[PDB]
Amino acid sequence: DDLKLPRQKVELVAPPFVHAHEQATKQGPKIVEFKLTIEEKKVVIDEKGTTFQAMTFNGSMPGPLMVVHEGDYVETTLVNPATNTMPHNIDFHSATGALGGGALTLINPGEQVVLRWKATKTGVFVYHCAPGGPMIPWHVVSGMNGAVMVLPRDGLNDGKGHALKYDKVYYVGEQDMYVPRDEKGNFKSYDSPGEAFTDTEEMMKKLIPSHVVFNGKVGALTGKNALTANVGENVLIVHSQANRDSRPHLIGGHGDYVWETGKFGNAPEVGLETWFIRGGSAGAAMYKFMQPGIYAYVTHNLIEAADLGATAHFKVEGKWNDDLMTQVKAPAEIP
């Protein structure tokens, strides 16, 4: 191997969490090594018990977030165990050449492959499976998509000469799902992805999802699994959608600094209510919390958010600010 740089192995963590990393760094370029192991599996996606033939990187929807810096090289070992039923590959939107890597990574069950790409573009980017032809959309909407973040070596900035630093980062992957129904309107179950294919493709081509979820299921980022923050903390929220548009919004908050197209060579917009994630992309928003309590993080098609699955919660700790908002008079009879 001609490339004589130091190598470092990083262990991935399951979304919505993100592996430990530096923002600004004094390190120089290195080869950062990752492993992804594909898993086909049947999962429950809603409160009613609907099942779904999922196909995943590393067992999760979305796949895990990789974090590197500009000028690093990213060397991924992609594994397709013999217990899976079909061929898979990987396309990095961050990479240059060979259909994002897809033309160099097609592997049958029982095989693995090693792909390296140079991180020449900064931002958040989708990665997804793309075997060929009609298999491309089917693998993606079955769950085979995640993201990678390529940070500047000096960290993030506001476009006006000031550093932005986040106290924590979360990754919200949004998935449009297509579960067929029978003639009485009930959702269908299947014993393998291959058995689900014909009915699923027929539904896909009509363009209307049955479910729109964060982190793989209705309610995944609520209750015991709500996102957390403190008043005064700056939180970065990375949002991806590999196939279909979304319009994120933080109920009771704002996007203080937003890269809706997701690329750090562009200055952020400021003070947004709602932003726009193009299908086939990742974007990012940073917010400094000012008030404690519950927030909902939604797509602002509210039918999708409340009725099809696309709501997360934040539970924020701290002291209420009565200057920013206050209930002057509680509910009372009309005089």
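Under this definition, the rigid core comprises the largest set of C-alpha atoms superposing within 1.5 Å between the forms. When you see a residue number, it is the position in the sequence shown, counting from 1.
Superposing the other copies on the rigid core and comparing 185-193 to 213-221, farther C-alpha placement in 6 other deposited structures of this protein marks 185-193.
Averaged over structures and residues, the CA distance from the shown form in 6 other deposited structures of this protein after a core fit is larger for 176-184, of the two stretches 176-184 and 230-238. Judged by mean Cα B factor in the deposited record, 83-91 ranks above the other of 83-91 and 242-250. Looking at 270-278 and 43-51 together, the entry lists the larger mean B-factor for 43-51, computed on C-alpha atoms.
The entry assigns its greatest Cα B factor, within the set 256, 260, 176, 183, to 183. Highest CA B-factor among the listed residues (56, 291, 299, 27): 27. Residue 151 sits in the middle third of its chain by CA B factor, as recorded in the PDB entry. Per the PDB record, residue ranking by Cα B-factor puts residue 324 in the middle third of the chain. Annotation for residue 117: CA B-factor lies in the middle third of the chain's modelled residues. In the PDB entry, a CA B factor belonging to the highest third of its chain's modelled residues is recorded for residue 198. Ranked against the other modelled residues of its chain, the C-alpha B-factor of residue 101 as given in the entry falls in the middle third.
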